[PDB]
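Each of two forms of one protein chain follows alone as structure tokens, named structure 1 and structure 2.
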Structure 1
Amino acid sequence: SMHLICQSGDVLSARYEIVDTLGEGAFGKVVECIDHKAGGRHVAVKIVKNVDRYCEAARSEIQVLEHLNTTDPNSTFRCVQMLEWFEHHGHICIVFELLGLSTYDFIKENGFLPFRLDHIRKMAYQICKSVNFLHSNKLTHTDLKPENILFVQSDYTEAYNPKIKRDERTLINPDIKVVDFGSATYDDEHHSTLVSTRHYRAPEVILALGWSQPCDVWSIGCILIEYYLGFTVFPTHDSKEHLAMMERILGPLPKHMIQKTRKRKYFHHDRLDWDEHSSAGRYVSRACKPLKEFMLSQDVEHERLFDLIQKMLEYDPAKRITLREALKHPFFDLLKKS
């Protein structure tokens, strides 16, 4: 199907003319369209694959966004605005306001270089504010990651930069919005055992101990460190290796979580069953190091960020910092009148 109905020049619902593809996924694609009933405004349309799993998630996303856009019509809390939805040759399509590049695509197109710290501060504040708004509404996002944080506009300036010895684009406006509510779950809804893209998955999720709002905070921690480094901090598709990476960076997992998990697979006698002298052992031993060794400067602003990240990456979800608390963290002081 989808190839046949998402091409450039196609008209959806007698209204939206497809210009180009913005992104694609296993869920389907997002295309930029010209809205001919609204004077030519460009919009984004998500065309969802006709697979039950993804239809369910799309119907779900629509319910959630009706709730949020009603609660917050002006988008004070930076959730993307849904404009409408329709069916088109058996595919659910959801129309959104058009935004710029995701934070992932920006990093990628900049050669996997990090953001500047002042931009990270602004973006981090907005992300925390947005997701804390979700948390206030008895929702957990579950799939936060740089692909799901989008710049409102990705206009830019380009300057030669002898630090990188290369030309470089700098964002004008670092404002962002959060997208993708298809996994968002209410406190009183059923909680699936597997959630999150694996690189941003919390230890309570990996160990199947239950999860709720705090698993978003873990994800945000992961995001912030990737903005700082410009690469993914847990580059792996194996759950055991992932846990090994956590140990190398954050230290060993709390005994009480280990004893409690149904996945005794990963462990022997209250410690991770992992051979450091193995090959993957040495991969982890060199791709990963203690959190604070990732710092590129001893300047206090850097230390403030790393303190915050550390608190986000607390193993025990019951002890992990909440976004309410995180928004008062000293790292954000520079954004406030003192």
Structure 2
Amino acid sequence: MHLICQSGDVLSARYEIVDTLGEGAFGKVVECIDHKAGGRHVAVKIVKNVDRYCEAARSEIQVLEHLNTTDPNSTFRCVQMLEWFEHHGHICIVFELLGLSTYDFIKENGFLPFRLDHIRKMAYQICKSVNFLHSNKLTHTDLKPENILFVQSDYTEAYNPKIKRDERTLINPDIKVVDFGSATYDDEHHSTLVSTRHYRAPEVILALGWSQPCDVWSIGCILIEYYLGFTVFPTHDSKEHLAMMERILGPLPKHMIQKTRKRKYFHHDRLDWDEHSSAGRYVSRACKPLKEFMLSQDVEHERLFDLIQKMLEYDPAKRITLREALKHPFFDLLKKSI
């Protein structure tokens, strides 16, 4: 793919690459000048020339055709696909150019969190956008800060010599949801593994089956990450992941522990985890009950955390819906009209 995506390369006799926006395992996203739409800047995802990413981009194109047609004004904040083409046997998908991923925005400010006012606006929009997928018999499955992007370059940035980086200050926090290559329809076959490990629901970890509620878990993890500036589940390993959930959210429902065929992780009805090993005293030291991450006892911080705690309900049958979520008191402040 190195061979086909340099600056100055022209795709489909119109898209001139000017910059790289994002890399990763699926392939590359590049900024292009569209010489056939009056020099409008767009994004083109170049898909890695492999079975996996080919069929996932074929599916993504089908999903976007449906979302974009159903919601032409993008009221529900899903990215607009403009077209797709083939370039040296890679699928390329053209998109409206958005601003920074929320991931890159936090990362490049030294992992400093978003303001509560911004998080309220962003959480509302994420919940409204993914509730639209929910309404339309879809689950995203891979919600994570890399897949939430600012609509606009609506920030200022200044070089701060004291700390030798640009700091970027958000003016307007409006977002859209991207990447529908994993999005699964209610009646389609359901992959065993889904989500980036840090945002993966407990029912996905435990192979108990999944649908719309696994997205709600992911959003929960996103929101605390926006509030703190870092993931509360940093780990690579599922048993440590489950130890961290226990430390932060309490014990897992016995029914989930006893039902799972991933019995590898467990011993009788307990997590099989030496709490007193140096790896367990790590998790203990690293993790505290969820409500202790609060930076303020201020009621608006209490509203957010009550929502976050509902999103991280272990039992996906009991987990809050985005329908209910949009009605949570954390959002009331958005609906002020006196």
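So that the term is clear: the rigid core is the largest set of C-alpha atoms that superpose within 1.5 Å between two forms. Numbering runs along the sequence of structure 1, starting at 1.
Undergrad: To test your reading of the superposition: with the rigid core aligned, which of 118, 109, 167, 187 moves its Cα by 2 angstroms or more between structure 1 and structure 2?
TA: None of the others reach 2 Å, which leaves 167.
Undergrad: After core superposition, I'd like to know whether residue 158 moves between structure 1 and structure 2 (criterion: C-alpha shift of 2 angstroms or more).
TA: Passes the 2 Å threshold, so yes.
Undergrad: With the core fitted, just quote the Cα shift at residue 92 between structure 1 and structure 2, in angstrom to one decimal.
TA: Superposing on the rigid core gives a C-alpha shift of 0.2 Å for residue 92.
Undergrad: On a rigid core superposition, how far has the CA of residue 282 moved between structure 1 and structure 2, in Å, if you could check?
TA: So the C-alpha of this residue moves 1.3 Å.
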